[PDB]
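Have a look at the structure below, then the notes.
FYI, it's all coordinate maths here, none of it is from the lab. Ideal geometry is used to build each Cβ from the backbone, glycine not excepted, and the neighbour counts take in all protein chains shown.
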Amino acid sequence: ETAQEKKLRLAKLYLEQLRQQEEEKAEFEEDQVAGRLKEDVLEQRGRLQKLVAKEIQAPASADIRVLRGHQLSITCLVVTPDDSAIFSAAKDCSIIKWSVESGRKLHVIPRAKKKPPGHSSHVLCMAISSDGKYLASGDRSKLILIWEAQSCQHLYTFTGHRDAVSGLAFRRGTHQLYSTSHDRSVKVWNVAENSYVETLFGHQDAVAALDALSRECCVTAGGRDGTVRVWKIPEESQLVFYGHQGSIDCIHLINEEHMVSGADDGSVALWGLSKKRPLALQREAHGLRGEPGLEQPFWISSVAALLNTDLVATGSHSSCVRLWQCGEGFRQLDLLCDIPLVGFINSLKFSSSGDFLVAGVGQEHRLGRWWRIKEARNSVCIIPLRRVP
Amino acid sequence: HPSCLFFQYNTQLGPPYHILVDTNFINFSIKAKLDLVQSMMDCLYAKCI
Amino acid sequence: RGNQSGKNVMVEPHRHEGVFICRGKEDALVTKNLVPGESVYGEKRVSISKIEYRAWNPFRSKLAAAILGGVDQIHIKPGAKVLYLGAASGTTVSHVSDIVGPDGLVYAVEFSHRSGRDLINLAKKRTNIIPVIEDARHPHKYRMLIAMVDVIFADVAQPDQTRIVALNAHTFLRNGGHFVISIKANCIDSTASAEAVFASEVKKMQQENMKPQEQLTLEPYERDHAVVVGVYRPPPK
Amino acid sequence: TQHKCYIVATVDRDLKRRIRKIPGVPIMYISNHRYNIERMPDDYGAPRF
Amino acid sequence: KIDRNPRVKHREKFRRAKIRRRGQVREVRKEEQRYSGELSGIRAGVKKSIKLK
Amino acid sequence: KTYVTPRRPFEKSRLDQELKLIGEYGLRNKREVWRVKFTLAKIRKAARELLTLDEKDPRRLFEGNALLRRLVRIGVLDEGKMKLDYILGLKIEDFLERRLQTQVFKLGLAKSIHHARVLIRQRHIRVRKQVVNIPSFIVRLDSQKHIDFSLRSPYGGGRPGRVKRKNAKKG
Amino acid sequence: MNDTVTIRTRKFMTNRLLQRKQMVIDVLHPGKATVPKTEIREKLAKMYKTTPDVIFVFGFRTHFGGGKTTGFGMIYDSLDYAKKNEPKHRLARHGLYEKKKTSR
Amino acid sequence: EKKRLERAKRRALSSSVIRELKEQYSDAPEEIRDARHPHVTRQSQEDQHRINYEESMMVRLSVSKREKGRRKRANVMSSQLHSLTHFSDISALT
Amino acid sequence: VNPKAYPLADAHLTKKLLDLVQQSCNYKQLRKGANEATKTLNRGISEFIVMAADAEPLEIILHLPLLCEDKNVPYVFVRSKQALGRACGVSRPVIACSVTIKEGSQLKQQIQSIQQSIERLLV
RNA sequence: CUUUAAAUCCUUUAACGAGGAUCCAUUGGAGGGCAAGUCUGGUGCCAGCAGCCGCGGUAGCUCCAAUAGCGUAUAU
Ligand SMILES: [Mg+2]
C-alpha cells in the first residue's frame, strides 16, 4: 500500500498548513468575521431541510386546471414570487402572462414580424427576478430581452452571445443575471445598470441549462459533454463533476449545497459538492419504450425541486409526471406517485408556497421535432398539491 | 520508384526497426562485449528487432 | 469531358490474352462481353462490327488497377479455371468471366448472404460462373463443388489472408498453378507501417510452400495497396 | 532492393559501399566501443563527432 | 525580393519540390467523377513490377 | 540551449526530411525543427532509461506514471496508451501537430497554414480569456476546445480595422 | 448599447484608532482605459454618501488584458482628521499640503 | 542527523510525483482555478504569497529587476515543453 | 429485432459512435441523409456508415449494406433515429449518416479505433 | 490616465501610419552574358589572361547553403 501511505502522509502535511491559516484568521476585524460565521450557521438553520414528502398526496385529473392559449408547444415557464401570475413562452415566439387564480390571459406579447419589440425565433429560456420586477427571455436569435414584469413593457435588449441562448437565472435577492448559450460561454449581466460584466469559459459543448441561488454562484449542464460544473464567480474557480452517461438536458438546485439533474438516457441523479460522482442515481426514471429488442428509456426533459425541501418532480413524454423523495443525505431517491398528464413536460416549476406545481405541456420536445404527440394539447397545466399530515 | 521514399528520405521506416545482422557484426559485438539488443536500443532509443 | 456516347473508337488487343485496349481520344481497358447487350454495374459498352466490349473501371476493381499499373503476369487466360475468394456482388467477377470465355470456369466464393443473392442473379446469365455461398476460412466445407483449378485470386481483406489462401491452395490448386493476392496494409496491421506489412506477408507465403515472384503498388488508384503474383509448387526446370 | 524497410548492420567495408549505392537505406556499424548509424535522419542518441 | 523573407522562400521550395516529385511518382486521386478513361495512353509494353527472388 | 546542430551537415535524407517538415507545417527555418527534435530526444532518452530499471522498482513506477500523465496532458499520447512503450513509439510530427499555428489551421479558423501564422502574429486568436500571439504555443488537451477569435478582432465581432474605416470615409 | 464603469468593495474594515474606514476597490472597465482617481473618488463618495474631499485612493494596477483594476481606498471621519493622519505626499496630491525646500 | 533526514522526507512528500497520485484517487471534485500558467511553478508560487500579503497589508512593495525578468522568463517558459522530463527525487520517501 | 439489422451496437459502443458523430459534425466531416450517404459510397470517400434500426420501414436503408460490401466499408445499426438526430445537429430524426474521409484530419485516431471495433462485431 | 517622494519603465488607451506594400536581409560558394577595346603567345580565321577604359558624346543576371546572422587565419 505504497500509494495509500503516500496519500495518508500527504493529508497529514496539508493539515499543518491549515492550522497556520486558522491562527491568522483568529487574529470589526476578527469579530466581524465571527459574525459572518454566525449568520452562515443561522442561514444553514434557515434551510432546515424540512421533510414534507409524506404529507404530499396525489391529486385528481379534475383538480388539474388546463390553460390553453398557445399556438405551438410551450418551451419554458416561470412563476412570479407572489404566486399570482405565470409567464409562459412557446415555439410560436409569443409570451403570455396568465392569472393563477382565474386562468385568464393578463397580457400577450406577440411575435415580432420580419416596430414593436418581440422575438423572431423560438424562445428557449426565461428568468424572473426575486422581487418580481424584471423578466428576461432568451431566443435562438442570440438576443436577451428585458421586460417590466408588471406592465410587460420592453426595457433592454442584451447582445453579445454568438449562438442561441439556452439558460437564464437571476441571482436571488439581486438584479444580477447569468446567461449561457450554445457558444460554450457563460456571461454575466447586470440588468439594473444594463451593462455587461464578464465572460466565463470551460465547457466543451453546447450548454443546456443554468440555475443559481442567493450565493454568487451558478451551475450549468454540459449536454453531450457529460459534465456538470459549478462556477465560483467571486473566487474565480470552477468545479467539474463527472456523472451519468448521455446528454445532460435539465438541472435544478435543491438548496445551496445540492442539485438534481436529468439526462437523455432516463437517468436522474442527486449531486453534492463534497463528492465528484453523483450521490444517488435513478436509472430509467420514466420506464422504457420501443419495439422488442430496440427498447430505450424515456428521455428526461425537465426536473424540478421544491426549495429547501425533499420533493423532486421529473417530467418526460411517458404520459405521467412523477414525484420523488430525497433520502437522508440525498443518497436515495424514492417514487411517491404518478400524475397522469399526456405530452412533453418541457418545464416544471414549484410555487413559492409549495401548494401547486406548474407543468408546461407541448406536442413536441422543446429542442426539436423528433417526436410529435397528437393527443397532447399545447397548454400550461396547474397541478394542485394538497398536504395532510 | 518506390512510394516509400520522398527523394532520399524513407518515411515508412518506423520506430519498430527490422534490421538485418551480418555474420561479422555478431563476432565483433562479442569482442567488444556489447550486448546485441541492448546496445542497439541505446543508439536509437526505440524497439529494435 | 470523356468518352461520350456516339463517338468513333478503335479496339486493339492488349499484351495480356483476353484483354483489349479501347483507343480513341481517351484510352480505356475493355473485355469482350460474354452476354451482349447487358451492363453489370452501369459501365459504358462499345458496339463493334455482333461483337461488344465492356469498359473496366480500375477504381472499383483491383485487378484492373494492377493491369493498368504495369504488372507482368495475371495468369488469367481463356480456357482456364479460376477460384475467386471474396466475390462480393461480382463486379470484378463479371470481367473475369469475360476473360476465361465459355470454356473457362469461375468459382465465386462469398460468405455474405446479401451479396450472395446478387451472384446467383449474375450466375443466371453467365453459364461459366459457379456461385459458392460459404465461408472461405473452411475450404473442406465446399470441397465437393470444386475440382482442381489453375489460378486462385484472393480479395478477402482479412488479417489472416495468407492462412486462408494457403488452405485453399493446398486443397484445390494444381501443381504449377499461380495465385494473385491483393493486400490492404491497413487491414492486417494498422499499427505497423504499410511497407513493413508487405515484407511480412511475403515471408508468410514462403513458409507455406508458396513462392512469390512479383509485387507492385496500386498507387494512382489505391493507397497502401499491393498485389503479389507467385507460383505454387513449381515444376523442375 | 526488394522491400526497402530494413537497416543493414555490418562492418565489412565492401558491403557498406554497395549499400550506399542503394537509396533510402541506413547503415549501422561499430565505432570505438559504441554502435553508430550512418544514413538515418532520426538518429537521436547516436555518437556525436 | 523572395530572399528578403526566409519563411516565404521555404514556402516556394516546398511547392517546387512537389512539382519535381510528380515526375518520379504518381499522386493518389479519388473517383470524384465517373470513370471515362485514362486521359492519356495505355502502354502495354512497360512492366513496372518488382521481381522477388 | 534548446537545440543542437546536426552531427552530419551534408545528408540528403536529413535535408529531405527537414524540407518536408518545414513545408508541411509552415515553419520558419531549420532551428524550429531542431528544437522539437532535441525535446523529443530528451523525452525518449528518459523513457529508455526508465525502461532499463526493474518493473517493481518504485522509482520506475512513479517517474513513469508522472511522465505518462504529463504526455497525456499535452495530448501526444492516448488514455489507452499509458505505457513507456508508446512513449518510445512517439515521433516528431506528433509534437508538431500540437503547435497553435497548425491547431488554428486544422480548426477552420484559417484557410492556410501561413494564413494561420499571420492571424496568430496579428493578435486575432484567443485561447480562453488570454490573447496569444506566439505561433509555437503548445495547446493542451483541455484548451483545444477553447481556441477562437479574440473579442477585439474584426473577425470576432469587434470594431472594423483601419482599412475599412478609411475606405468608408473615402466613399 | 452603453458601457459602464463598475466599482466593487472588498475587505472593508473600520479603523477607529485613526477614525477612518479602509477597503479594497475593484474597477470593471471592459473597453476603456484606466479610470482616473478623481472619477473613482466622486463615484465612491456617491456610493458612501460623503463629500469627495475625505476619500484617498491609491495603488491602482490593471491586470493583464485590460479587464479589471485593483486599488485601495480610505474614507475619513472628517477633514481635520485627514490632515492630521494622512502622509504629506497624499495630501499634496489633493493640494492640501505643500512641501518647502530646505537650504543645506 | 535527525534534522536532515526529517527535512528530506518533507521534500519527497511535496514532490510533484507524490502529489500526482493524489488527484487520481481524490473523491472530491477536481478544482480548476483559472491561471495563465497551466502548471505550478516556483515563480508563480512567489507571486501568490506576495499577493496574499498584499491583501493583508494595504501597501505596494517594489519588485527587483532580476525578479521581474524571471517572471516573464517563466511566462515564455510556460508555453514551451522544456520541463516534461524534470522530476524531483523520491528516494528519501522510499 | 429485425434479423436484417445484424450489426447492432451495444450500449457502450453506441455512446462512442454518437460522440464521434457529433465531433465529426463540428469539423465539417459528416454527410447526413440516406441519399447523401449513398453518394459518398459511390465516390469512395466514406469511413463508415451509421444507420437507425427503428425506421418503420427498415427497407429504405437496406441498399446501403450492399454498397458497403463492394467498397469494404464497415457499417453498424443503432436503436434510435431520434438519438442519431441530435448528434448530427438536426431537428429531425436521421436514418443514415456517413463520416467522410478528410486528409490531415485529427479525428483519424478516433475513426481508426471505431473501424476496428465495428469489424469485431462481425466476428 | 495610471505609476512614483517627483519622474522614468511595465500595463491600459485616443488619433495618424502599405502596392514596387522603394516602409527594399545579409554572409559565403559556383556559373552565364560582350566591342571597330588592350596585352601576351601561337597551330592562316586560334588560345590564355581579362574586359564600367570603345569613334563621338555627361545631360537592379542565374543557382546553391545558412538566415538576424555569417566568414577568414593560426594552433589543435
Ligand atoms: Mg492591392
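Among the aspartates and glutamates, which fall within straight-line cross-link reach of C:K141, defined as a Cα-Cα distance under 16 Å, with same-chain neighbours fewer than 8 residues apart omitted?
Candidates past the 8-residue exclusion: C:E110.
Where in chain F are the DSSP H helices whose alpha-carbon span along the long axis reaches 18 Å or more and whose Kyte-Doolittle mean is at least -0.5?
On the way: long enough: F:12-25 (20 Å, -0.92); F:30-51 (31 Å, -0.44); F:58-74 (24 Å, -0.18).
Passing helices, by number: F:30-51, F:58-74.
Between A:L8 and F:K166, what is the label-point separation in nm under the 7 Å Cα-to-beta-carbon projection?
7.3 nm
Angle check, please: helix G:37-48 long axis (alpha carbons) against the longest principal axis of chain G (alpha carbons), in degrees 0 to 90, nearest 10.
Between the helix axis and the principal axis of chain G, the angle is about 80 degrees.
What is the sum of charges, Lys and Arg at +1 and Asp and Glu at -1, for the other residues whose Cβ falls under 15 Å from the Cβ of A:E148? Mind dumping the intermediate values first?
Values: positive: A:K97, A:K133; negative: A:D131.
So the surrounding residues net to +1.
If r is the Cβ-Cβ distance from A:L155 to F:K56 and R0 is 56 Å, what FRET efficiency results, to the nearest 0.05?
0.20
Once every DSSP H run of n ≥ 4 in chain A is given -39500 (n - 2.57) and the sum is divided by its residues, what mean residue ellipticity at 222 nm do you get, rounded to the nearest 500 deg cm²/dmol? Can you show the working numbers first?
Values: 2 runs with 42 residues, N = 389.
Theoretical 222 nm ellipticity from helices: -3500 deg cm²/dmol.
Can you classify chain I as rounded, prolate or oblate using the Cα gyration tensor, where a ≥ b ≥ c are the square roots of its eigenvalues, rounded means a/c under 1.5, and otherwise it's prolate if a/b beats b/c and oblate if not? Before the final figure, lay out the partial values.
Details: a/c = 1.26, a/b = 1.19, b/c = 1.05.
Taking the square roots of the gyration eigenvalues as a ≥ b ≥ c, chain I is rounded.
Which shape class, rounded, prolate or oblate, goes with the stretch A:112-182 when its Cα gyration tensor gives a ≥ b ≥ c as root eigenvalues, a/c under 1.5 marks rounded, and past that a/b bigger than b/c marks prolate?
Details: a/c = 2.25, a/b = 1.21, b/c = 1.86.
Since a/c reaches 1.5 but b/c is at least a/b, the shape of the stretch A:112-182 is classed as oblate.
Taking the Cα centroid of the stretch A:118-134 and of the stretch D:1-38, what is the distance between the two, rounded to the nearest whole Å?
Taking the Cα centre of each part, the stretch A:118-134 and the stretch D:1-38 sit 76 Å apart.
Roughly how tilted is helix H:2-13, in degrees to the nearest 10 and between 0 and 90, from the longest Cα axis of chain H?
80 degrees
With the Cα gyration tensor of chain F giving a ≥ b ≥ c as the square roots of its eigenvalues, does the rule (a/c under 1.5 for rounded; else a/b larger than b/c for prolate; else oblate) give rounded, prolate or oblate?
Numbers: a/c = 3.45, a/b = 1.77, b/c = 1.94.
Since a/c reaches 1.5 but b/c is at least a/b, the shape of chain F is classed as oblate.
Given C:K184/E:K48; A:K142/A:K232; E:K9/F:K12; F:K12/F:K91; C:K7/E:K47, which pairs have Cα atoms separated by over 23 Å?
Details: C:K184/E:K48 20 Å; A:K142/A:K232 25 Å; E:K9/F:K12 19 Å; F:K12/F:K91 20 Å; C:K7/E:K47 31 Å.
Long pairs (Cα-Cα over 23 Å): A:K142/A:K232; C:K7/E:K47.
How high is the relative contact order of the stretch F:9-171, given as a whole-number percent (alpha carbon pairs under 8 Å, six or more residues apart)?
Values: 152 pairs, mean separation 25.4, N = 163.
Taking the mean separation of contacting Cα pairs over the length of the stretch F:9-171, I get 16 percent.
Taking amide hydrogens as modeled 1.01 Å from N in the peptide plane, which residues meet the under 5 Å criterion relative to A:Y156, leaving out close sequence neighbours?
A:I146
Which percentage, to the nearest 5, of the DSSP beta bridges contained in the stretch C:18-133 is antiparallel? Before the final figure, lay out each step's value.
Details: 10 of 19 bridges.
Expressed as a percentage, antiparallel bridges in the stretch C:18-133 total about 55.
Using just the helices of chain H, give the 222 nm mean residue ellipticity in deg cm²/dmol: DSSP H runs with n ≥ 4 each add -39,500 (n - 2.57), and the total is spread over all residues, rounded to 500.
Working: 4 runs with 51 residues, N = 94.
The helix contribution divided over chain H gives -17000 deg cm²/dmol.
Measuring from label point to label point, each 7 Å out along Cα→Cβ, what is the A:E148 to H:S88 span in nm?
6.2 nm
Taking the alpha-carbon centroid of each part, what is the distance from the stretch I:43-61 to the stretch G:2-48 in angstrom?
64 Å
Name the residue from A:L367, A:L323, A:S301 whose Cα lies farthest towards the positive end of the charge dipole of the stretch A:300-389, charges +1 on Cβ of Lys and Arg and -1 on Cβ of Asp and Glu.
Result: A:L367, furthest along the dipole toward the positive end.
Can you check what the net charge comes to around D:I37, using other residues whose Cβ is under 14 Å from the Cβ of D:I37 (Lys, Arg +1; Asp, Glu -1)? Intermediate values should be presented prior to the final figure.
Details: positive: D:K16, D:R20, D:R34, D:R39, D:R48, F:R7, F:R8, F:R14; negative: B:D42, D:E38, D:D42, D:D43, F:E11.
Taking every Cβ under 14 Å from that of D:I37, the sum is +3.
Past 29 Å, Cα to Cα: identify those pairs from A:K38/G:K21; A:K6/F:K83; B:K47/C:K204; A:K115/G:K43, in the order given.
A:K115/G:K43
Could you calculate the FRET efficiency of A:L15 with I:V1 from 1/(1 + (r/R0)^6), where r is the beta carbon distance between them and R0 is 56 Å, rounded to 0.05?
Working: r = 58 Å, r/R0 = 1.03.
Once rounded, the FRET efficiency stands at 0.45.
Separation of the stretch C:52-117 and the stretch H:10-42 by C-alpha centroid, Å?
Cα centroid to Cα centroid, the span is 63 Å.
Starting from the Cα of D:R34, step 7 Å along the direction of its Cβ; do the same at A:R68; then give the gap between the two resulting points in nm.
Reported label-point gap for D:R34 and A:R68 is 8.9 nm.
Which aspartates and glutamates, if any, have their Cα less than 13 Å from the Cα of E:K30, not counting same-chain residues under 8 positions apart?
C:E219, C:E222, I:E103
What is the diffusion coefficient of the protein assembly as shown in µm²/s, taking the Kirkwood radius over Cα pairs and the Stokes-Einstein relation at 25 °C with a viscosity of 0.890 mPa s? Write down the numbers at each step before the final one.
On the way: Rh = 36.6 Å.
For the chosen part, D equals 67 µm²/s.
Which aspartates and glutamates does G:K11 reach when only Cα atoms under 17 Å apart count, and residues fewer than 8 places away in its own chain are ignored?
By straight Cα distance, G:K11 reaches A:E24, A:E27, A:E29, A:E30, A:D31, A:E216, A:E235, A:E236, G:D26, H:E54, H:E55.
So how tilted is helix E:6-24 from the main axis of chain E? Cα-based, degrees 0 to 90, rounded to 10.
10 degrees
Among H:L5, A:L177, which comes first, second and so on when ranked by fewest other beta-carbon atoms within 10 Å?
Values: H:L5 9, A:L177 24.
Fewest to most other Cβ atoms nearby, the residues stand as H:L5, A:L177.
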